[PDB]
Amino acid sequence: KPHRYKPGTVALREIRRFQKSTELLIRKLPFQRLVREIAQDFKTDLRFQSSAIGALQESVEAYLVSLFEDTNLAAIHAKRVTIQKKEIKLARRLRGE
Amino acid sequence: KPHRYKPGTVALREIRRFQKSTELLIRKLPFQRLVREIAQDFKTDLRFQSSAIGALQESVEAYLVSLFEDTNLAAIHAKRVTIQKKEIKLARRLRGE
Amino acid sequence: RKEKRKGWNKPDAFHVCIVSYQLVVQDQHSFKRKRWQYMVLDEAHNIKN
DNA sequence: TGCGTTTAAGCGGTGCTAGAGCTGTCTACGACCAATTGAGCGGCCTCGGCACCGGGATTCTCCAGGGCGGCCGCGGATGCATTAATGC
DNA sequence: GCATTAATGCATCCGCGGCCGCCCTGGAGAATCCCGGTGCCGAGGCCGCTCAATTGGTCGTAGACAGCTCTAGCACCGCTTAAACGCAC
């Protein structure tokens with residue numbers, strides 16, 4: 001007989017795995033390409049150091065995870081598990097934007 | 001047949017009246033005695049003038065009206081009008097406290 | 001008070017107005033607007049101050 | 001949630017050059033002090049803008065009477081029970 | 001004296017009918033806007049003061065100018081897995 005886990009049960013174990021891990025979830029090449037695109041449409045002929053990129057991605061994942069518990073709290077306030085657009089919009093409005 | 005306004009009709013007009021008006025909504029003497037008694041425990045023999053109280057009053061009601069406004073936003077996000085405990089709890093949590 | 005003053009300004013609805021001592025001290029703004037001929041005080045020992 | 005695959009980062013390594021980083025030099029260039037006067041400022045007393053209420057035109061909300069398909073009070077039957085004059 | 005049988009007081013089970021409440025239309029009344037109307041008071045223009053912004057000179061001093069040094073960013077090359085996408089229930 002096949003062994004299929006109930007939906008969402010794998011979610012708890014992947015949450016457990018990701019909570020103990022401090023590594024970044026974004027590959028270096030797409031992030032660097034996006035930053036270089038911002039430079040390209042920002043100022044022509046710009047150079048990037050090997051450093052000054054870790055701070056970018058680090059601040060981004062910190063901001064993203066923070067906004068994620070804010071939107072999770074907003075969603076659980078709505079008496080539902082699934083997040084939606086109003087949740088993230090309300091979280092952004094209340095946080096100071 | 002007495003003429004009675006249906007509930008909620010007068011609420012809109014009080015909102016309209018108060019939104020166009022910028023006067024203090026807290027009686028002066030209760031606020032000043034509150035301030036005196038809360039300053040008592042920190043250190044006795046306080047001294048307050050006519051000024052140095054209206055500033056606290058104004059900061060307080062501005063903070064409170066802002067809190068009520070984003071509480072209204074949260075309650076609207078909850079698909080209802082009546083405010084409730086958890087509304088002000090998560091408004092305080094989200095705003096930075 | 002507003003009801004009594006709804007015909008206060010334009011017509012001559014009254015030839016004499018009777019007011020208490022402690023109501024003028026609240027409605028000076030409305031009272032001083034109208035022009036009067038005779039104004040009388042009773043037991044002026046209170047206003048002796 | 002689970003699977004086949006495919007587009008693709010991670011990684012080991014190079015040659016450089018545009019570019020970051022440390023160093024004399026003088027040359028603009030401001031820090032500091034007599035000296036002044038002139039604009040910023042303390043005080044004042046007034047009229048014009050402002051505060052608050054009046055009179056209606058206007059705008060807004062909110063009341064009740066009237067025509068729509070179902071009703072719960074009543075009366076009688078005519079059976080259940082009682083009852084009194086009479087044959088036995 | 002006892003059964004008895006027709007006369008009589010209800011017996012309780014429906015038949016019927018008195019019994020309303022909702023939408024749509026009828027204006028009715030409270031609230032608002034808005035400037036006269038006059039009293040109030042403070043904003044500010046004017047008068048007199050005073051102190052620091054400006055002027056010039058003295059004098060020393062930090063930064064642009066190269067000038068040079070060296071250094072890692074990048075564009076490039078090719079292997080090794082490796083998650084992502086589309087699909088399907």
# chains A, B, ... in the order shown; residues from 1 in each chain; ligands from 1

$ calpha_fit_and_write --fixed "chain B" --moving "chain A" --output "mmCIF file with C-alpha atoms, in the first residue's frame"
data_model
loop_
_atom_site.group_PDB
_atom_site.id
_atom_site.type_symbol
_atom_site.label_atom_id
_atom_site.label_comp_id
_atom_site.auth_asym_id
_atom_site.auth_seq_id
_atom_site.Cartn_x
_atom_site.Cartn_y
_atom_site.Cartn_z
ATOM 1 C CA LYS A 1 -45.941 59.192 17.264
ATOM 2 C CA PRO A 2 -42.486 59.045 18.855
ATOM 3 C CA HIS A 3 -39.473 59.867 16.688
ATOM 4 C CA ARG A 4 -36.672 57.425 17.526
ATOM 5 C CA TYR A 5 -33.634 57.119 15.278
ATOM 6 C CA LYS A 6 -32.399 53.705 14.218
ATOM 7 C CA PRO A 7 -29.417 52.426 16.236
ATOM 8 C CA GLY A 8 -26.101 53.625 14.884
ATOM 9 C CA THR A 9 -27.575 56.467 12.818
ATOM 10 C CA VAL A 10 -26.790 58.925 15.619
ATOM 11 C CA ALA A 11 -23.281 57.450 15.549
ATOM 12 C CA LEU A 12 -22.628 58.855 12.064
ATOM 13 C CA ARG A 13 -23.762 62.350 13.020
ATOM 14 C CA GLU A 14 -21.732 62.340 16.242
ATOM 15 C CA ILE A 15 -18.722 61.134 14.231
ATOM 16 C CA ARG A 16 -19.284 64.052 11.853
ATOM 17 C CA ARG A 17 -19.512 66.459 14.794
ATOM 18 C CA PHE A 18 -16.370 65.127 16.488
ATOM 19 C CA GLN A 19 -14.270 64.998 13.306
ATOM 20 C CA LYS A 20 -14.583 68.752 12.696
ATOM 21 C CA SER A 21 -13.731 69.527 16.344
ATOM 22 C CA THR A 22 -10.128 69.788 17.548
ATOM 23 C CA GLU A 23 -10.956 70.178 21.247
ATOM 24 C CA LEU A 24 -9.792 67.696 23.866
ATOM 25 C CA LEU A 25 -12.219 65.051 25.120
ATOM 26 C CA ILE A 26 -10.738 64.798 28.642
ATOM 27 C CA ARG A 27 -11.688 67.196 31.418
ATOM 28 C CA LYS A 28 -8.741 69.067 32.901
ATOM 29 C CA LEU A 29 -9.366 68.106 36.537
ATOM 30 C CA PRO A 30 -9.350 64.274 36.155
ATOM 31 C CA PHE A 31 -6.291 64.429 33.891
ATOM 32 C CA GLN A 32 -4.437 66.683 36.328
ATOM 33 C CA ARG A 33 -5.427 64.423 39.226
ATOM 34 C CA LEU A 34 -4.111 61.351 37.400
ATOM 35 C CA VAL A 35 -0.827 63.075 36.521
ATOM 36 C CA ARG A 36 -0.444 64.241 40.123
ATOM 37 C CA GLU A 37 -1.131 60.686 41.321
ATOM 38 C CA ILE A 38 1.649 59.446 39.036
ATOM 39 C CA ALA A 39 3.899 62.086 40.585
ATOM 40 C CA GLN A 40 2.803 61.140 44.118
ATOM 41 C CA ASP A 41 3.575 57.453 43.716
ATOM 42 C CA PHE A 42 6.578 58.476 41.581
ATOM 43 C CA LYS A 43 8.438 61.117 43.647
ATOM 44 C CA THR A 44 7.293 62.774 46.862
ATOM 45 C CA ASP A 45 6.674 66.538 47.003
ATOM 46 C CA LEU A 46 6.638 67.322 43.282
ATOM 47 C CA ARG A 47 5.468 70.549 41.649
ATOM 48 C CA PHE A 48 3.715 70.940 38.301
ATOM 49 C CA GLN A 49 3.762 73.948 36.001
ATOM 50 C CA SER A 50 0.715 75.388 34.279
ATOM 51 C CA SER A 51 2.448 74.289 31.079
ATOM 52 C CA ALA A 52 3.901 70.781 30.556
ATOM 53 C CA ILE A 53 0.310 69.528 30.888
ATOM 54 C CA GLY A 54 -0.982 70.454 27.440
ATOM 55 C CA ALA A 55 1.760 68.360 25.845
ATOM 56 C CA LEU A 56 0.737 65.381 27.973
ATOM 57 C CA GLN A 57 -2.956 65.402 27.068
ATOM 58 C CA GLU A 58 -2.199 66.352 23.459
ATOM 59 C CA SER A 59 0.181 63.445 22.902
ATOM 60 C CA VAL A 60 -2.301 61.162 24.659
ATOM 61 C CA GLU A 61 -5.245 62.050 22.451
ATOM 62 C CA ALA A 62 -3.070 61.794 19.341
ATOM 63 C CA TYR A 63 -1.874 58.337 20.383
ATOM 64 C CA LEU A 64 -5.396 57.257 21.316
ATOM 65 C CA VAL A 65 -6.972 58.386 18.050
ATOM 66 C CA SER A 66 -4.145 56.791 16.054
ATOM 67 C CA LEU A 67 -4.516 53.463 17.848
ATOM 68 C CA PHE A 68 -8.239 53.861 17.252
ATOM 69 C CA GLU A 69 -8.009 53.895 13.452
ATOM 70 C CA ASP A 70 -5.532 51.004 13.662
ATOM 71 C CA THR A 71 -8.024 48.967 15.703
ATOM 72 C CA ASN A 72 -10.874 50.085 13.418
ATOM 73 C CA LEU A 73 -8.969 48.803 10.385
ATOM 74 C CA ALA A 74 -8.240 45.568 12.240
ATOM 75 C CA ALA A 75 -11.933 45.168 13.103
ATOM 76 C CA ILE A 76 -13.130 45.875 9.562
ATOM 77 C CA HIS A 77 -10.581 43.315 8.359
ATOM 78 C CA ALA A 78 -12.340 40.764 10.599
ATOM 79 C CA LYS A 79 -15.526 41.284 8.530
ATOM 80 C CA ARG A 80 -17.350 42.774 11.515
ATOM 81 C CA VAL A 81 -18.145 46.272 12.745
ATOM 82 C CA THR A 82 -17.877 45.807 16.513
ATOM 83 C CA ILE A 83 -14.363 45.989 17.939
ATOM 84 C CA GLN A 84 -13.070 43.441 20.436
ATOM 85 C CA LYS A 85 -10.031 42.642 22.564
ATOM 86 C CA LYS A 86 -8.118 40.723 19.899
ATOM 87 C CA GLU A 87 -8.420 43.720 17.566
ATOM 88 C CA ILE A 88 -6.699 46.121 19.958
ATOM 89 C CA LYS A 89 -4.138 43.506 21.018
ATOM 90 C CA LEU A 90 -3.214 42.759 17.398
ATOM 91 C CA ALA A 91 -2.999 46.471 16.591
ATOM 92 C CA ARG A 92 -0.687 47.058 19.559
ATOM 93 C CA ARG A 93 1.481 44.072 18.614
ATOM 94 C CA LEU A 94 1.769 45.138 14.968
ATOM 95 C CA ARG A 95 2.423 48.825 15.674
ATOM 96 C CA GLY A 96 5.689 47.930 17.413
ATOM 97 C CA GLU A 97 4.778 46.828 20.931
#

$ residues_around --residues "residue E:15" --least-positions-apart "4" --cutoff "12 Å" --atoms "only C-alpha atoms (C1' of nucleotides)" --output "list in words"
residues 73, 74, 75, 76 and 77 of chain D

$ select_by_dssp --residues "chain B" --states "helix (DSSP H, G or I)" --output "MDAnalysis selection string"
chainID B and resid 9:19 28:42 54:77 85:95

$ write_last_selection --atoms "C-alpha atoms" --output "JSON list (two decimals), in the first residue's frame"
[["chain", "number", "residue", "atom", "x", "y", "z"],
["B", 9, "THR", "CA", -27.77, 56.82, 12.66],
["B", 10, "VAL", "CA", -26.48, 59.28, 15.27],
["B", 11, "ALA", "CA", -23.05, 57.61, 15.31],
["B", 12, "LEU", "CA", -22.26, 58.95, 11.84],
["B", 13, "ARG", "CA", -23.13, 62.50, 12.89],
["B", 14, "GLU", "CA", -21.03, 62.31, 16.07],
["B", 15, "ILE", "CA", -18.14, 61.07, 13.92],
["B", 16, "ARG", "CA", -18.69, 63.97, 11.52],
["B", 17, "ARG", "CA", -18.86, 66.51, 14.36],
["B", 18, "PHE", "CA", -15.75, 65.21, 16.12],
["B", 19, "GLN", "CA", -13.62, 64.81, 12.98],
["B", 28, "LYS", "CA", -8.83, 68.72, 32.76],
["B", 29, "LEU", "CA", -9.10, 68.02, 36.49],
["B", 30, "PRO", "CA", -9.30, 64.18, 36.31],
["B", 31, "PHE", "CA", -6.28, 64.17, 34.01],
["B", 32, "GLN", "CA", -4.23, 66.48, 36.22],
["B", 33, "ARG", "CA", -5.03, 64.52, 39.38],
["B", 34, "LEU", "CA", -4.18, 61.29, 37.53],
["B", 35, "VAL", "CA", -0.82, 62.78, 36.55],
["B", 36, "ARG", "CA", -0.20, 64.01, 40.10],
["B", 37, "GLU", "CA", -0.93, 60.64, 41.69],
["B", 38, "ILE", "CA", 1.18, 58.70, 39.19],
["B", 39, "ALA", "CA", 4.06, 61.12, 39.75],
["B", 40, "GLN", "CA", 3.60, 60.71, 43.52],
["B", 41, "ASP", "CA", 5.02, 57.18, 43.70],
["B", 42, "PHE", "CA", 8.16, 57.98, 41.68],
["B", 54, "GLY", "CA", -1.82, 70.11, 27.97],
["B", 55, "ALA", "CA", 1.19, 68.67, 26.17],
["B", 56, "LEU", "CA", 0.64, 65.31, 27.86],
["B", 57, "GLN", "CA", -3.09, 65.60, 27.17],
["B", 58, "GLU", "CA", -2.57, 66.22, 23.47],
["B", 59, "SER", "CA", 0.08, 63.55, 22.98],
["B", 60, "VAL", "CA", -2.21, 61.10, 24.78],
["B", 61, "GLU", "CA", -5.35, 61.69, 22.78],
["B", 62, "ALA", "CA", -3.42, 61.75, 19.49],
["B", 63, "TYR", "CA", -1.91, 58.37, 20.36],
["B", 64, "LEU", "CA", -5.34, 57.09, 21.40],
["B", 65, "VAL", "CA", -7.11, 58.26, 18.23],
["B", 66, "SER", "CA", -4.37, 56.67, 16.12],
["B", 67, "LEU", "CA", -4.85, 53.44, 18.08],
["B", 68, "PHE", "CA", -8.62, 53.61, 17.57],
["B", 69, "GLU", "CA", -8.13, 54.20, 13.84],
["B", 70, "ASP", "CA", -5.96, 51.17, 13.22],
["B", 71, "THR", "CA", -8.23, 49.19, 15.55],
["B", 72, "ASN", "CA", -11.04, 50.13, 13.16],
["B", 73, "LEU", "CA", -8.86, 48.91, 10.30],
["B", 74, "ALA", "CA", -8.26, 45.59, 12.07],
["B", 75, "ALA", "CA", -11.97, 45.17, 12.88],
["B", 76, "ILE", "CA", -12.86, 45.87, 9.24],
["B", 77, "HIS", "CA", -10.31, 43.22, 8.29],
["B", 85, "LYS", "CA", -10.38, 42.90, 22.92],
["B", 86, "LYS", "CA", -8.20, 41.05, 20.43],
["B", 87, "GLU", "CA", -8.51, 43.98, 18.03],
["B", 88, "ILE", "CA", -6.61, 46.32, 20.32],
["B", 89, "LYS", "CA", -4.27, 43.50, 21.40],
["B", 90, "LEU", "CA", -3.05, 42.81, 17.88],
["B", 91, "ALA", "CA", -3.08, 46.50, 16.95],
["B", 92, "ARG", "CA", -0.67, 47.10, 19.84],
["B", 93, "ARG", "CA", 1.37, 44.03, 18.88],
["B", 94, "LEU", "CA", 1.65, 45.03, 15.22],
["B", 95, "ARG", "CA", 2.33, 48.74, 15.74]]

$ interface_residues --of "chain D" --to "chain A" --cutoff "12 Å" --atoms "only C-alpha atoms (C1' of nucleotides)" --output "NGL selection string"
:D and (1-2 or 8-10 or 18-20)

$ residues_around --residues "stretch 43-51 of chain E" --least-positions-apart "2" --cutoff "12 Å" --atoms "only C-alpha atoms (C1' of nucleotides)" --output "ChimeraX atom specification"
/D:36-49 /E:41,53

$ write_last_selection --atoms "N, CA, C and O atoms (P, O5', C5', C4', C3', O3' and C1' of nucleotides)" --output "short mmCIF file (atom, residue, chain, number, x, y, z; two decimals), in the first residue's frame"
data_model
loop_
_atom_site.label_atom_id
_atom_site.label_comp_id
_atom_site.auth_asym_id
_atom_site.auth_seq_id
_atom_site.Cartn_x
_atom_site.Cartn_y
_atom_site.Cartn_z
P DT D 36 34.24 101.81 17.26
"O5'" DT D 36 32.99 101.93 16.27
"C5'" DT D 36 33.21 102.12 14.88
"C4'" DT D 36 32.10 101.48 14.06
"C3'" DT D 36 30.69 101.74 14.59
"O3'" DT D 36 29.81 102.02 13.51
"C1'" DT D 36 31.04 99.43 14.37
P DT D 37 28.97 103.38 13.48
"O5'" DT D 37 27.93 103.15 12.29
"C5'" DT D 37 28.13 102.10 11.36
"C4'" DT D 37 27.09 101.02 11.53
"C3'" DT D 37 25.67 101.53 11.85
"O3'" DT D 37 24.72 100.78 11.11
"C1'" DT D 37 26.32 99.96 13.45
P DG D 38 24.23 101.27 9.66
"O5'" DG D 38 23.54 99.96 9.05
"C5'" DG D 38 24.07 98.68 9.36
"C4'" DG D 38 23.01 97.81 10.03
"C3'" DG D 38 21.57 98.30 9.85
"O3'" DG D 38 20.71 97.18 9.71
"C1'" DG D 38 22.04 98.11 12.12
P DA D 39 19.53 97.20 8.62
"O5'" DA D 39 18.85 95.76 8.77
"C5'" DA D 39 19.67 94.60 8.79
"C4'" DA D 39 19.45 93.80 10.06
"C3'" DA D 39 18.01 93.39 10.34
"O3'" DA D 39 17.98 92.12 10.96
"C1'" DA D 39 18.80 94.72 12.12
P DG D 40 16.68 91.19 10.85
"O5'" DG D 40 16.51 90.60 12.32
"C5'" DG D 40 17.60 89.95 12.96
"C4'" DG D 40 17.40 89.92 14.46
"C3'" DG D 40 15.99 89.57 14.92
"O3'" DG D 40 16.05 88.69 16.03
"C1'" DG D 40 16.60 91.72 15.75
P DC D 41 14.70 88.10 16.67
"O5'" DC D 41 14.46 89.04 17.94
"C5'" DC D 41 15.54 89.34 18.80
"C4'" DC D 41 15.15 90.41 19.80
"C3'" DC D 41 13.72 90.30 20.33
"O3'" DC D 41 13.70 90.47 21.74
"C1'" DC D 41 14.12 92.46 19.53
P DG D 42 12.50 89.85 22.61
"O5'" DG D 42 12.07 91.05 23.58
"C5'" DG D 42 12.88 91.41 24.69
"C4'" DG D 42 12.32 92.63 25.41
"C3'" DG D 42 10.84 92.57 25.75
"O3'" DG D 42 10.59 93.25 26.97
"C1'" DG D 42 11.23 94.31 24.19
P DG D 43 9.13 93.17 27.65
"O5'" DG D 43 8.37 94.47 27.09
"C5'" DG D 43 8.77 95.76 27.52
"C4'" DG D 43 7.88 96.84 26.92
"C3'" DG D 43 6.38 96.57 26.98
"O3'" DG D 43 5.70 97.79 27.23
"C1'" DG D 43 7.01 96.93 24.76
P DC D 44 4.31 97.80 28.03
"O5'" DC D 44 3.33 98.63 27.08
"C5'" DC D 44 3.75 99.88 26.54
"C4'" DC D 44 2.82 100.32 25.41
"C3'" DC D 44 1.40 99.78 25.49
"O3'" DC D 44 0.51 100.72 24.90
"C1'" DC D 44 2.36 99.04 23.51
P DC D 45 -0.41 101.66 25.81
"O5'" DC D 45 -1.50 102.23 24.78
"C5'" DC D 45 -1.07 102.76 23.53
"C4'" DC D 45 -1.99 102.31 22.40
"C3'" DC D 45 -3.42 101.99 22.82
"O3'" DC D 45 -4.30 102.34 21.76
"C1'" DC D 45 -2.45 100.08 21.88
P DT D 46 -5.84 102.69 22.06
"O5'" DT D 46 -6.51 102.65 20.62
"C5'" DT D 46 -5.80 103.15 19.50
"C4'" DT D 46 -5.73 102.11 18.39
"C3'" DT D 46 -7.07 101.49 18.01
"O3'" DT D 46 -7.20 101.46 16.60
"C1'" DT D 46 -5.50 99.80 18.46
P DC D 47 -7.92 102.67 15.83
"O5'" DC D 47 -7.74 102.32 14.28
"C5'" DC D 47 -8.83 101.78 13.55
"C4'" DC D 47 -8.69 100.28 13.38
"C3'" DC D 47 -9.97 99.57 12.92
"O3'" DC D 47 -9.68 98.73 11.82
"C1'" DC D 47 -9.07 98.49 14.81
P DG D 48 -10.51 98.90 10.45
"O5'" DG D 48 -10.23 97.53 9.67
"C5'" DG D 48 -8.92 96.98 9.65
"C4'" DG D 48 -8.96 95.50 10.00
"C3'" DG D 48 -10.06 94.71 9.31
"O3'" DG D 48 -9.58 93.42 8.97
"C1'" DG D 48 -10.29 94.51 11.64
P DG D 49 -10.30 92.56 7.81
"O5'" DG D 49 -10.17 91.06 8.33
"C5'" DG D 49 -8.90 90.56 8.74
"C4'" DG D 49 -9.05 89.61 9.92
"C3'" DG D 49 -9.99 88.43 9.69
"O3'" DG D 49 -9.40 87.24 10.19
"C1'" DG D 49 -10.68 89.66 11.60
P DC E 41 -11.76 89.96 25.13
"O5'" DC E 41 -10.70 88.91 24.56
"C5'" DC E 41 -10.81 88.45 23.22
"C4'" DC E 41 -9.54 88.74 22.44
"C3'" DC E 41 -8.41 89.34 23.27
"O3'" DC E 41 -7.16 88.96 22.72
"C1'" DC E 41 -9.01 90.85 21.60
P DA E 53 25.99 86.85 14.72
"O5'" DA E 53 26.04 87.36 13.20
"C5'" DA E 53 24.96 88.12 12.66
"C4'" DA E 53 25.37 88.91 11.43
"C3'" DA E 53 26.39 88.26 10.52
"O3'" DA E 53 26.16 88.67 9.18
"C1'" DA E 53 27.36 90.17 11.60
#

$ interface_residues --of "chain C" --to "chain D" --cutoff "12 Å" --atoms "only C-alpha atoms (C1' of nucleotides)" --output "NGL selection string"
:C and (2-3 or 5-11 or 27-34)

$ write_last_selection --atoms "C-alpha atoms" --output "JSON list (two decimals), in the first residue's frame"
[["chain", "number", "residue", "atom", "x", "y", "z"],
["C", 2, "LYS", "CA", -32.73, 78.20, 22.52],
["C", 3, "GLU", "CA", -36.48, 77.63, 22.25],
["C", 5, "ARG", "CA", -34.76, 82.68, 21.82],
["C", 6, "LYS", "CA", -36.14, 81.37, 18.52],
["C", 7, "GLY", "CA", -38.12, 84.60, 18.10],
["C", 8, "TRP", "CA", -35.67, 86.71, 20.08],
["C", 9, "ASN", "CA", -34.13, 89.04, 17.49],
["C", 10, "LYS", "CA", -36.42, 90.05, 14.62],
["C", 11, "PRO", "CA", -39.93, 90.67, 16.05],
["C", 27, "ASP", "CA", -25.37, 83.91, 28.30],
["C", 28, "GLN", "CA", -23.65, 87.32, 28.19],
["C", 29, "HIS", "CA", -22.80, 86.66, 24.53],
["C", 30, "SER", "CA", -26.47, 86.46, 23.54],
["C", 31, "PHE", "CA", -27.64, 89.09, 26.03],
["C", 32, "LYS", "CA", -25.28, 91.94, 25.11],
["C", 33, "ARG", "CA", -26.26, 91.68, 21.43],
["C", 34, "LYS", "CA", -29.79, 93.01, 21.94]]

$ interface_residues --of "chain E" --to "chain C" --cutoff "12 Å" --atoms "only C-alpha atoms (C1' of nucleotides)" --output "list in words"
residues 37, 38, 39 and 40 of chain E

$ write_last_selection --atoms "N, CA, C and O atoms (P, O5', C5', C4', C3', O3' and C1' of nucleotides)" --output "PDB file, in the first residue's frame"
ATOM      1  P    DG E  37     -27.188  92.769   9.411  1.00  0.00           P
ATOM      2  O5'  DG E  37     -27.294  91.748  10.638  1.00  0.00           O
ATOM      3  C5'  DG E  37     -27.849  92.170  11.872  1.00  0.00           C
ATOM      4  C4'  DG E  37     -26.770  92.304  12.928  1.00  0.00           C
ATOM      5  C3'  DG E  37     -25.835  93.492  12.742  1.00  0.00           C
ATOM      6  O3'  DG E  37     -26.279  94.578  13.560  1.00  0.00           O
ATOM      7  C1'  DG E  37     -24.695  91.488  13.487  1.00  0.00           C
ATOM      8  P    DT E  38     -25.306  95.809  13.916  1.00  0.00           P
ATOM      9  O5'  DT E  38     -24.546  95.310  15.228  1.00  0.00           O
ATOM     10  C5'  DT E  38     -25.264  94.590  16.224  1.00  0.00           C
ATOM     11  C4'  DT E  38     -24.312  93.953  17.216  1.00  0.00           C
ATOM     12  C3'  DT E  38     -23.246  94.901  17.772  1.00  0.00           C
ATOM     13  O3'  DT E  38     -23.179  94.786  19.185  1.00  0.00           O
ATOM     14  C1'  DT E  38     -22.246  92.929  16.969  1.00  0.00           C
ATOM     15  P    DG E  39     -22.397  95.890  20.051  1.00  0.00           P
ATOM     16  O5'  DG E  39     -21.315  95.040  20.864  1.00  0.00           O
ATOM     17  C5'  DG E  39     -21.747  94.106  21.842  1.00  0.00           C
ATOM     18  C4'  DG E  39     -20.674  93.069  22.119  1.00  0.00           C
ATOM     19  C3'  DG E  39     -19.396  93.607  22.757  1.00  0.00           C
ATOM     20  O3'  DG E  39     -18.912  92.674  23.712  1.00  0.00           O
ATOM     21  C1'  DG E  39     -18.873  92.556  20.710  1.00  0.00           C
ATOM     22  P    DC E  40     -17.706  93.069  24.695  1.00  0.00           P
ATOM     23  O5'  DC E  40     -16.469  92.233  24.128  1.00  0.00           O
ATOM     24  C5'  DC E  40     -16.560  90.819  24.027  1.00  0.00           C
ATOM     25  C4'  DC E  40     -15.276  90.221  23.479  1.00  0.00           C
ATOM     26  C3'  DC E  40     -13.990  90.824  24.031  1.00  0.00           C
ATOM     27  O3'  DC E  40     -13.002  89.816  24.115  1.00  0.00           O
ATOM     28  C1'  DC E  40     -14.030  91.105  21.707  1.00  0.00           C
TER      29       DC E  40
END

$ atom_distance --atom1 "atom CA of residue C:45" --atom2 "atom CA of residue C:26"
20.4 Å
